[PDB]
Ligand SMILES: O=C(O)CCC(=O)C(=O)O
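The chain below stands alone and is given as structure tokens, in the form solved without 2-oxoglutaric acid (AKG).
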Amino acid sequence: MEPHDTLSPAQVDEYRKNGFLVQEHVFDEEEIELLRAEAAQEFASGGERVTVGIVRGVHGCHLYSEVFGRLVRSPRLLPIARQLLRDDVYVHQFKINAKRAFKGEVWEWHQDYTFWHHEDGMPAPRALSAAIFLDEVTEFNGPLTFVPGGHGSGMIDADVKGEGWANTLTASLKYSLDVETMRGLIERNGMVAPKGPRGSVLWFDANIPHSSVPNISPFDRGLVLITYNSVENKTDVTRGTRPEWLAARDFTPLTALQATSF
């Protein structure tokens, strides 16, 4: 194992100003293939934790998979999440999202924090997601798309639908940011679909508004998304509506994987 990875001051400034940031080539192909293979196994035996008719999402895999439980403690990831949240951290949510070639949905503009505040009891937006690129993310395979700086407009009052947590997981969403709001935000800030090669990591703020469109390429777009939360900002488990595999309840501070002979 190396020195723990840190963002440079420039990277940090870029992250806070925009609310997202791509580090290119964090993992190699061999590491990425190990993650691809484990993701396929979870898609195949995830059960109620899966989302679809062909499988498209799985939730909570770091609680059940040894590979994924080590991934979240990796020295390429955990220290940056400590650095950005300025705290010890733990994993609130883990999920894999594949958009297969010539497939996919329009994911309505939204803020993760909005769901986590109302569904899970997250007190403050002191959280972020790391989306590992299992495939090259381009213009055409349905990249996550953001309003840069749009996290600074706090949580935005949103159109609310559904009952329970049934449509938290699906592309028609329970909390969709208004059309009139979006225009203002976008007139003001613009739109960015960060791109990069396989093995890249895209860090994004819990309150950044984001969306994506379908994949019109012949290449799949697999993403592993790890949502780190600050231990100080642990969710209020008394207001909690959802289960462990969507919203974690073990708030033990994580420590990084140590170098071992196995």
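In case it trips you up, residue 1 is the first one in the sequence shown, and so on.
Below, we turn to the form solved in complex with 2-oxoglutaric acid (AKG), even though it does not appear here.
Binding-site state, shown form vs 2-oxoglutaric acid (AKG) in the entry with it bound, superposed, 3 or more atoms under 2.4 Å of backbone or C-beta: After the site C-alphas are aligned, the pocket of the shown chain is open to the transferred ligand.
Listed residue (60, 199, 46, 222) with a non-hydrogen atom within 4.5 angstroms of 2-oxoglutaric acid (AKG) in the entry with it bound: Result of the distance check: 222.
Contact assignment for 2-oxoglutaric acid (AKG) in the entry with it bound, among 134, 158, 147, 81, heavy atom within 4.5 Å: That would be 134.
Heavy atom of each of 151, 186 and 188 within 4.5 Å of 2-oxoglutaric acid (AKG) in the entry with it bound: Spot residues vs 2-oxoglutaric acid (AKG): no contact at all.
Partner proximity in the entry with it bound: residue 40 to 2-oxoglutaric acid (AKG), non-hydrogen atom cutoff 4.5 Å: Within the cut-off, so yes.
4.5 angstroms heavy atom contact with 2-oxoglutaric acid (AKG) in the entry with it bound for residue 100: Residue-level check for residue 100: yes, a contact with 2-oxoglutaric acid (AKG).
Residue 36: touches 2-oxoglutaric acid (AKG) in the entry with it bound, heavy atom cutoff 4.5 angstroms: Although 2-oxoglutaric acid (AKG) is absent here, residue 36 would touch it in the entry with it bound, with heavy atoms inside 4.5 Å.
Heavy atom contact within 4.5 Å of 2-oxoglutaric acid (AKG) in the entry with it bound, the stretch among 214-222, 233-241, 189-197, 23-31: One stretch meets the cut-off, namely 214-222.
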